[PDB]
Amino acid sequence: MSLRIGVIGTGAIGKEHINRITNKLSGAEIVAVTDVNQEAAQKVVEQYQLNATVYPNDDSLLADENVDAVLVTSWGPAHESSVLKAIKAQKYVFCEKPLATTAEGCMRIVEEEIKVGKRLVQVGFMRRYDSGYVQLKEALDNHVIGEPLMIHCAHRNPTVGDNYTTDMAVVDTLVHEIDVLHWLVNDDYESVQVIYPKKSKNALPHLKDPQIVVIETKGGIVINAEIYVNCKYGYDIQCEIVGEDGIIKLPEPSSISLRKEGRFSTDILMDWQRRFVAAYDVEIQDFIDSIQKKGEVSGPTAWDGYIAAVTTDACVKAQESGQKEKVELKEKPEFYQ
């Protein structure tokens, strides 16, 4: 009895999710796809020899009685809408970042779910399923290094397109950090300062690259997060956590050592795609399994997607300001703990 899923947005990342659910994972199938380009979606269907149905809009897809859950994997803007609809049609929703582009949009979604009595919304922040980040979580829950104090993390890309803009650095990129970091330390943020180092020769005129983002939490944990998307050497994600009595750090992605031409080296990835492939699979499978076994979702909540929208706003504010912007959060609803 496989979970029947409908995909809203046959994008490039929606093409991935369709393929893994189809050819890698267990206990689910894609039966409905809807795309703004109805000829683009119609190609994705013959591609993976799917046995699905193409809809012009989400309404018609959500109206289908086959679909039990939906993958909201289209443009960032077109999320908040598709989501609220799904909650009302009472389907399960896996929503890829962002939950909603506006901190208030995520607030509407919260209220809706709080009504439906249970949890339908899971946000696609995959890092939480990555074994690296999991080991960190494990170590922290065990008090291995006592109380966390500071966190040094980086997030680097070989290069970007002419479409990448200063705000995208804290919106499409630093977003995962913002998500997983607070999950790990179990703390809410508070302030976000932004500091622009000497600009890189690799970055385009309209872009501010690199950037540094300091972030304090209510507890007093200080996080400086480097964001450099034109580093050139590769795609690299670093995270070190200094504690009271010890330090734990995120591993490098497994590689074979090589001794040649006077150097002892490992390999650095070049494609953000390769870095977290395993995390997606574990992610979706948890979505499926959680629905079939518990009648609800389990991953990153809709509240977290809102914590994302707030924080990711104070950051874009400090990008122009240059001052210690504030992060203000509505109290956590009982519904979520």
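Throughout, we count residues from 1 along the sequence that is shown.
- Stretches 245-253 and 95-103 differ in mean CA B factor, with 95-103 having the higher one.
- Between 170-178 and 230-238, the higher mean Cα B-factor belongs to 170-178.
- When the C-alpha B factors of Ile268, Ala28, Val54, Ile284 are read from the deposited coordinates, the top value falls at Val54.
- Ranked by C-alpha B-factor against the other modelled residues of its chain, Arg128 falls in the middle third.
- Sort the modelled residues of the chain by CA B factor and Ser74 lands in the highest third.
- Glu80: CA B factor in the highest third of modelled residues in this chain (values from the PDB entry).
- Split the chain's modelled residues into thirds by C-alpha temperature factor. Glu261 is in the lowest one.
- Looking at the C-alpha B-factors along this chain, the one for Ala309 belongs to the highest third.
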